Amino acid sequence: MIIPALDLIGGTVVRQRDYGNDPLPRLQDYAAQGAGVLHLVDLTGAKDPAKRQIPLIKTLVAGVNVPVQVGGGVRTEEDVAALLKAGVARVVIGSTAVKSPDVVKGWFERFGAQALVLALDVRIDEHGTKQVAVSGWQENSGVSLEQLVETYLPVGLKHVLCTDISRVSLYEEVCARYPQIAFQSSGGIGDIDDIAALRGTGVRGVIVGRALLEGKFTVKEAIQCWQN
């Protein structure tokens, strides 16, 4: 499916570039065009978990009729629980999934794999290895995408979000290798042709953010393309 995305700072939709303070009508129109899932990044919370935008997230989730996956500096069991309590369908786990796998495996056991998405940044190194990194501005963490995925398979891993931060063959490879996992792709979507390029790869979800904000195409057009 297409997964439209918004990044939020203090109630503001951002890319830094300001897109106004109307995230709810934006999300509602995404849903209205047929989106089955939405993606939110809480940039405020990612900078200070004490300022996690729980009240706003509550309102946004209550305001649409589709599951929303939400991430942004989720570090603790308590972060996960508070997001789910606010009505989030799935919590997106980034750096913590690389940093403390045994802890996060406990979270799978507690919350269920349907409630968790692992967001992994990947850069292809000199040798062609898919290296995991916790962010675009930090060095590789010393573990490959395959190795980290295989760490979580025994607790029923089902959802992985994969962002290529080095830049299709990448997604073809990992999706084929782990057909029991629903991979999402993130980044690199500049126009409708980019969505088409992902169609035969095995990727289950396509995160689309900035291209929607820039008016390159609509959610409806993205879905029609995806569905061929």
Side-chain angles (χ1 to χ4, degrees), residues 3 5 7 39-43 45-49 52 69-81 83-84 88 90-189 197-198 201-207 209:
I3 306 177
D7 281 34
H39 180 86
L40 292 182
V41 174
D42 177 9
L43 291 183
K47 250 286 170 286
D48 184 357
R52 198 175 309 278
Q69 46 183 52
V70 179
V74 179
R75 318 285 179 183
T76 64
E77 206 174 330
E78 291 71 35
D79 301 333
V80 179
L83 284 169
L84 296 170
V88 170
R90 319 204 282 260
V91 179
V92 186
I93 313 298
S95 65
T96 301
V98 182
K99 171 182 86 178
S100 304
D102 193 67
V103 169
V104 174
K105 284 205 272 170
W107 298 355
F108 275 88
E109 291 167 358
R110 176 175 171 201
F111 300 108
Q114 268 322 303
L116 305 174
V117 176
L118 305 189
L120 307 176
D121 290 357
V122 171
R123 46 166 82 86
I124 312 305
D125 68 13
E126 39 267 39
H127 292 109
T129 305
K130 314 169 183 61
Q131 305 284 3
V132 171
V134 295
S135 77
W137 51 278
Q138 287 171 101
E139 286 192 300
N140 296 339
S141 299
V143 65
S144 73
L145 179 58
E146 289 90 343
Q147 290 155 9
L148 200 52
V149 166
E150 276 162 36
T151 302
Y152 287 104
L153 277 179
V155 289
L157 175 63
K158 289 298 177 191
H159 302 282
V160 174
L161 191 164
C162 183
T163 308
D164 188 352
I165 60 173
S166 51
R167 196 198 47 256
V168 168
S169 53
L170 153 76
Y171 293 111
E172 281 171 346
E173 295 166 35
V174 302
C175 291
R177 179 163 171 92
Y178 309 101
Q180 69 274 54
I181 294 177
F183 288 90
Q184 310 170 6
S185 174
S186 171
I189 307 290
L198 285 171
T201 62
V203 169
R204 293 296 188 85
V206 182
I207 303 274

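Just the heavy atoms: all of them, side chains too, but no hydrogens, waters or symmetry mates, feed the values below. The first residue in the sequence is number 1, and the count goes up from there.
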Are more than 12 heavy atoms, taken from residues, nucleotides or ligands other than [X], located less than 6.0 Å from that residue's [atom1] atom?
{"X": "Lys99", "atom1": "NZ", "answer": "yes"}
{"X": "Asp48", "atom1": "CG", "answer": "yes"}
{"X": "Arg204", "atom1": "CZ", "answer": "no"}
{"X": "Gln180", "atom1": "CD", "answer": "yes"}

Subject >> Residue pair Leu170, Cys162: steps toward the side-chain contact (heavy atoms from CB on, under 4.5 Å) verdict >> reply: CA-CA 10 Å; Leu170 153 76; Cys162 183; 4.3 Å; yes
Subject >> Validation row: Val88, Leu40 side chains within 4.5 angstrom (heavy atoms) >> reply: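 Of all side-chain heavy-atom pairs linking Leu40 with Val88, none is under 4.5 Å.
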**OP:** Determine whether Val92 and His39 make a side-chain contact, defined as any pair of heavy atoms from C-beta on separated by less than 4.5 Å.
**Re:**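 Yes. Closest side-chain heavy atoms under 4.5 Å.
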What distance separates [X] [atom1] from [Y] [atom2], expressed to the nearest 0.5 Å?
{"X": "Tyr171", "Y": "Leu198", "atom1": "OH", "atom2": "CG", "answer": "7.0 Å"}
{"X": "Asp125", "Y": "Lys130", "atom1": "CG", "atom2": "NZ", "answer": "10.0 Å"}
{"X": "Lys158", "Y": "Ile181", "atom1": "NZ", "atom2": "CD1", "answer": "8.0 Å"}
{"X": "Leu153", "Y": "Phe108", "atom1": "CG", "atom2": "CZ", "answer": "9.5 Å"}
{"X": "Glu139", "Y": "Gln131", "atom1": "CD", "atom2": "CD", "answer": "11.0 Å"}
{"X": "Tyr152", "Y": "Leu120", "atom1": "OH", "atom2": "CG", "answer": "8.0 Å"}

Which atom of [X] lies closest to which atom of [Y], heavy atoms considered:
{"X": "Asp79", "Y": "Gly73", "value": "OD2-O, 4.0 Å"}
{"X": "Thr96", "Y": "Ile93", "value": "CB-CG2, 4.0 Å"}
{"X": "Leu84", "Y": "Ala115", "value": "CD2-CB, 4.3 Å"}
{"X": "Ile207", "Y": "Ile189", "value": "O-CG1, 4.0 Å"}
{"X": "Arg123", "Y": "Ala133", "value": "NH1-CB, 3.4 Å"}
{"X": "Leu148", "Y": "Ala97", "value": "CD1-O, 4.0 Å"}

**OP:** Inspect the contact between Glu77 and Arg110 and indicate whether a charged nitrogen and a carboxylate oxygen are less than 4.0 angstrom apart.
**Re:**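 Salt bridge: yes.
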Subject >> Residue pair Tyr178 / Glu150, side-chain donor-acceptor N/O under 3.5 Å >> reply: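 Indeed, the side chains of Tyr178 and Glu150 share at least one donor-acceptor pair under 3.5 Å.
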Original post:
Just checking, is any N or O donor in the side chain of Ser95 or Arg75 under 3.5 Å from an acceptor N or O on the other one?
Top reply: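 Result is yes, a qualifying pair exists.
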**OP:** Start with the C-alpha gap between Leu161 and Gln69, add the side-chain angles, then the distance that decides, and say whether side-chain contact (heavy atoms from CB on, under 4.5 Å) holds.
**Re:** CA-CA 11 Å; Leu161 191 164; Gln69 46 183 52; 4.0 Å; yes
Original post:
Between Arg167 and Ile124, is there a donor-acceptor pair closer than 3.5 Å when you use the side chain of the first and the backbone of the second?
Top reply: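 Checked: no pair found.
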Original post:
With respect to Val104, which candidate in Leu118, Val155, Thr151 satisfies the side-chain contact (heavy atoms from CB on, under 4.5 Å) definition?
Top reply: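 Looking at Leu118, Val155, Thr151, the match for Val104 under the side-chain contact (heavy atoms from CB on, under 4.5 Å) is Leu118.
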**OP:** Before giving the answer on side-chain contact (heavy atoms from CB on, under 4.5 Å), spell out for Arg52 and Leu83 the whole-Å C-alpha distance, their side-chain angles and the decisive distance to 0.1 Å.
**Re:** CA-CA 9 Å; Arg52 198 175 309 278; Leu83 284 169; 4.0 Å; yes
